[PDB]
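**Q** An experimental structure, sequence included, is below.
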Amino acid sequence: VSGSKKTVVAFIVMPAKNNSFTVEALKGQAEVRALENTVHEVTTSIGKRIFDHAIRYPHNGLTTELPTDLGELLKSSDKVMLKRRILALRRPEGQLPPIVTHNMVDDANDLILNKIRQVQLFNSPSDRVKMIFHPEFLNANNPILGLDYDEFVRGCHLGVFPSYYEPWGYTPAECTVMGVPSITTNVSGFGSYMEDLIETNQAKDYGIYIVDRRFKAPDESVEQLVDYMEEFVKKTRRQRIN
Amino acid sequence: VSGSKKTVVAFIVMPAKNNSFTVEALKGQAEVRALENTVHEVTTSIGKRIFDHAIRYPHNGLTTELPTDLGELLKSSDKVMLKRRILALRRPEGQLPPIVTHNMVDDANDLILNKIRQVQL
Amino acid sequence: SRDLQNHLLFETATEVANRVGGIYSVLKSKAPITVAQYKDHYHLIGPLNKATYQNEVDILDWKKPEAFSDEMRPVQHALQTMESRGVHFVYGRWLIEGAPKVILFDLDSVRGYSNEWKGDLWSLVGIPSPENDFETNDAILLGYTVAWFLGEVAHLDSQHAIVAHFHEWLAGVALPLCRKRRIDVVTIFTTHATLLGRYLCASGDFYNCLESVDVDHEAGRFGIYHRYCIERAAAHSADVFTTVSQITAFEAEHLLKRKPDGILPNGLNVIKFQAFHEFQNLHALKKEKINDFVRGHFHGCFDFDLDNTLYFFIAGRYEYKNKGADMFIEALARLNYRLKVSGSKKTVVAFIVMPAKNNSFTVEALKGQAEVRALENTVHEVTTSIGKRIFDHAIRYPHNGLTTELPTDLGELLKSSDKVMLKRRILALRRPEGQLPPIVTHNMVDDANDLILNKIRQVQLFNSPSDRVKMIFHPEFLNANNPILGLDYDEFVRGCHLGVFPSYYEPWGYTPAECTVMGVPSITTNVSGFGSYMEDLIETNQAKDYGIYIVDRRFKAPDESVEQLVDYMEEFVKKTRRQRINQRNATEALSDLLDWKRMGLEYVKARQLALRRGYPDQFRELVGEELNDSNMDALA
Ligand SMILES: O=c1ccn([C@@H]2O[C@H](COP(=O)(O)O)[C@@H](O)[C@H]2O)c(=O)[nH]1
Ligand SMILES: O=c1ccn([C@@H]2O[C@H](COP(=O)(O)O)[C@@H](O)[C@H]2O)c(=O)[nH]1
Ligand SMILES: O=P(O)(O)OC[C@H]1O[C@H](O)[C@H](O)[C@@H](O)[C@@H]1O
Ligand SMILES: [Ba+2]
Ligand SMILES: [Ba+2]
């Protein structure tokens, strides 16, 4: 609606019975690797040629200090192999970037997945919000995403843990310690404790977003949460950092 | 005379009383390295740019699979560096490259030099 | 009659399309901030540099009807009025950020009028002019051409109120001509130094007795009377009179005999970062390169640990006394004793970057960095063999009788070949018995007579292993094209820890100012332009926590100044990394105060107090009343 150019990848890290990773997410990553490797070879070839031109100038009728036409740097067998890499990257007609990383055991009756489909966030070029459900605890040995949970946390921009029953919740707290801003509910123990210690409108400048899940309807809550989420998506880099 | 395009570089490795390498020769090799290195910083940016184009095509309106204008790959901050490198390499007006890599002790009497000098190589 | 709101601005100095001094860079960085306000109401004026202007100036067609708008037509007519006299001049734009619009008068197309004007000044003001002085002649020619210009515009344009800013005694010839000819513009004069101030400091006690010096006797003593006259006139003839700093403002009152209305401090075009803390990361990176250099320079004499070494620099024009190298080298010799006495575990490399007559780097320097490269390469070759071997052990375990997960014994990873080449490498580093890491990186034209090398010798700093203070003198401006320390000056400064500029005559000095902007702490003096300005904005014990150390060179014996400087250096050395980091963040905060985006409001207060004295009523009409007259700070 607002015509925003931002995007939001949104991750779900929760353990669910599974048979390890999908051959799609594994093959995918491997194919992106092959491309980088190839880009390295091709930039090495460029380097030789850039460098040679640079050394030989002005001699042998070179008129410019630098190459000016990309055909001097990029060649036949270069473009040939590079395209092969782009080819093996492209996915089947109208096939769309999954919402699971793993082969679920009971994908049919899975609440998270069933909810996503019900909301129809299937990751389409037009969707400004993407969904990736990782049904496994994060460990830096996992072949598609080699991060330990906490490392990942450091990497993310915002932590959304809109709880109903959560007597403390280390999750939003850990998050706060790694200096990541979080959305938590006033019915979560942590959220409760933080709601008290600072005035509520202030706590938004401290990345502590408390949603009212108590003195508000289960559809006023959801709106307050989007009021938060969308406020965050408005912030600049300068603002995100500070 | 035969208008050959070939070249012979001819070494003479024979000990003689010297004062180590000339500041020349030494500068020489260092300036060529600053180029070598910079050209690697650059190729690396280019690497990013090729990779990004290659990753997203056909989307965002990339009609060619690979970049086509050199300009898509080479920013002026790149150019400006490589241009500085190339200036550092430029010999003074009319100074040809040296017949010797050392400060000789008795340069004016050296049998070999005086001989190269005589045949004007 | 004339509108003070929509008003024009005309800035004039010598240093316009040509770099002739410190003035050049002030105007250059200021354009961005001024053009953003005036847009095309702002015009700069200077002499046409026949040689180098072809590069600097974006030459434009001033004849077009599009070349201006409607309200900016008075210029169009007044420019052709000069072409209707045969006066050649180049118009267009300066190829710098903010793209300011320039009028650069060719003084060749006005040369014949000299003998008429040279006498005219001798009768109108009373200024003698020996014509051997290529420079005073070129100043008069400018003064008059500019007056002949500004007079013809104040007549043509009657809507805008016109303001004329003049920088230095060279471009201030036209200022008494704005008084006696009584043109209807407002004039400001800014002097960046005093002609007397320079010459008096060349031999000598300046700051204690310039209250009691005969202004007329000294100018004739140095043969700089004919020059001093144009400066003296210019200071009084102008509505507003200003220097760049407090300490200069004080000396201009006694040597140019008039109190300044205020201060126009030298701001900078501060480059800013998305991340505030990028400057911290930047340091990290640059320091790594200084290290790279330092290893090369102490090769085979490497006893100290870098992760516990503090770079210190001095830098700028070679003016041994004025810049205070003498105090820097003295103090350093002292600090070295202290550190030895106090049994400190720290070291201090102290660079000195001042251009001197040299025949380029020494074979030593080169070989040094050449060898450290070869080591580095061989090391790298060795570690991939190791890598091959660690990896294989990793992937084989527990098979083939590997009891441990990883290798346990180095002999598994290092082989004979690896050990041999490494050892050969280290031998290349190792230096002749009792040779010491040099105090200099270049072959000097006159090493015996060099002042800096004398001093370093006299205090016996030779980078002996037992000295806590080492000294390197790089007698040449930095530059990323360097073989040995390939950095641009600014990149160096970031990478440092403490700039140390104990000046004795410095009207301003951007050297410590740039320093702070990059987030590096600096020692300076209460007699420095910037130094005095800084002891003004902060309480002194407060200022130390902002990385600004001010040495009193004004109410103290030179020896005590020296001792106080040692103190600051000692105070700093003792800091922990946490503390050093914090204080660097602190000093960066100060950055904004030295920005044109703030030092530039002072050029606003100076401009409006010129629009206060020139048309005293129309301003009293516009604001509602008249405000205090005798100050720049009293007006706003
Ligand atoms: O991939 C993960 C995700 C979470 N946790 C940890 O497991 C706990 C689960 O959160 P909760 O169920 O206690 O809220 C948290 O404290 C968090 O630190 C992990 O070790 N790995
Ligand atoms: O290696 C250097 C040292 C200084 N400077 C610059 O030259 C000027 C000399 O200092 P000063 O004499 O103007 O104080 C300073 O503005 C400084 O930025 C350089 O460009 N390179
Ligand atoms: O040079 P020093 O004062 O020891 O500063 C050392 C510090 O430099 C910067 O702040 C870097 O970002 C830090 O990683 C490093 O610890
Ligand atoms: Ba305006
Ligand atoms: Ba004060």
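**A** Sure thing, it's come through. Numbering: from 1, shown residues only, chains lettered A, B, ... in the order given. Ligands and ions are numbered 1, 2, ... in the order given.

**Q** Show me the strands in chain A, by range?
**A** A:8-13, A:18-21, A:102-104, A:129-134, A:159-161, A:182-185, A:208-211 (DSSP state E).

**Q** Any chance of these in CSV with mean neighbour count and distance to residue C:80 as columns?
**A** Any C-beta I mention is one placed from the backbone N, CA and C, and that applies to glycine too. As requested, the strands of chain A are exported to CSV (neighbours: other Cβ atoms under 10 Å in any protein chain shown; distance: least, Cβ to Cβ, whole Å):
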stretch, mean neighbour count, distance to residue C:80
strand A:8-13, 15, 61
strand A:18-21, 14, 79
strand A:102-104, 18, 80
strand A:129-134, 18, 64
strand A:159-161, 19, 69
strand A:182-185, 25, 68
strand A:208-211, 24, 66
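
**Q** nearest to ligand 1, of the ones you listed?
**A** Checking these against ligand 1 by Cβ to the nearest ligand atom gives strand A:8-13 as the closest, at 5.0 Å.

**Q** Taking chain A, what residue is nearest to ligand 3?
**A** Proximity of chain A to ligand 3 (Cβ to the nearest ligand atom) peaks at residue A:241, 15.1 Å away.

**Q** Pull out the buried positions in stretch A:126-146.
**A** Using 16 or more other Cβ atoms under 10 Å in any protein chain shown as the burial criterion, the residues of stretch A:126-146 that qualify are A:130, A:131, A:132, A:133, A:134, A:135, A:136, A:138, A:142, A:145.

**Q** from those residues, which two are the most distant?
**A** A:130 and A:142 (19.7 Å; Cβ to Cβ).

**Q** Pick out the residue of chain A closest to chain C.
**A** Residue nearest to chain C within chain A (Cβ to the nearest Cβ): residue A:237, separated by 5.4 Å.

**Q** For the residue of chain A closest to ligand 3, which non-adjacent residue is spatially closest?
**A** Closest residue to residue A:241 apart from its sequence neighbours, by Cβ to Cβ, 6 or more residues apart in numbering or on different chains: residue C:275 at 6.1 Å.

**Q** got the angle for the biggest helix by length in chain A vs strand A:129-134?
**A** Ranked by residue count under DSSP state H, the longest helix found in chain A is helix A:23-56. Helix A:23-56 and strand A:129-134 are oriented at 110 degrees to each other (axes from the mean of the first three to the mean of the last three Cα atoms, to 10 degrees).

**Q** Please name every helix or strand in contact with helix A:23-56.
**A** helix A:76-87, helix B:23-56, helix B:76-87 (3 or more Cβ pairs under 8 Å, 6 or more residues apart in numbering or on different chains; DSSP states H and E).

**Q** what about 6 Å?
**A** helix A:76-87, helix B:23-56 (3 or more Cβ pairs under 6 Å, 6 or more residues apart in numbering or on different chains; DSSP states H and E).

**Q** So which of these is nearest ligand 2?
**A** Smallest distance to ligand 2 across the helices and strands packed on helix A:23-56 (Cβ to the nearest ligand atom): 17.6 Å, for helix B:23-56.

**Q** Could you tell me the angle between the closest one and helix A:76-87?
**A** 40 degrees.

**Q** what residues go with each domain of chain A?
**A** Domains of chain A are assigned by curated CATH domains as A:1-19+A:110-242, A:20-109.

**Q** First-to-last residue distance for the first one?
**A** Distance across domain A:1-19+A:110-242, first residue to last, is 28 Å (Cα to Cα, to the nearest Å).

**Q** Next one: that domain, is it in contact with ligand 1?
**A** Yes: against ligand 1, domain A:1-19+A:110-242 shows contacts by Cβ under 6 Å from any ligand atom at A:13, A:137, A:138, A:149, A:169, A:170, A:171, A:174.

**Q** How about the shortest one?
**A** No: among the residues of domain A:20-109, none lie within reach of ligand 1 under Cβ under 6 Å from any ligand atom; the closest is 12.7 Å away.

**Q** Determine how far the last residue of that domain lies from the first.
**A** For domain A:20-109, the end-to-end distance is 18 Å (Cα to Cα).

**Q** distance between that domain and the chain's centre?
**A** 21 Å (Cα atoms, centre = their mean, to the nearest Å).

**Q** Sweet, I'm off.
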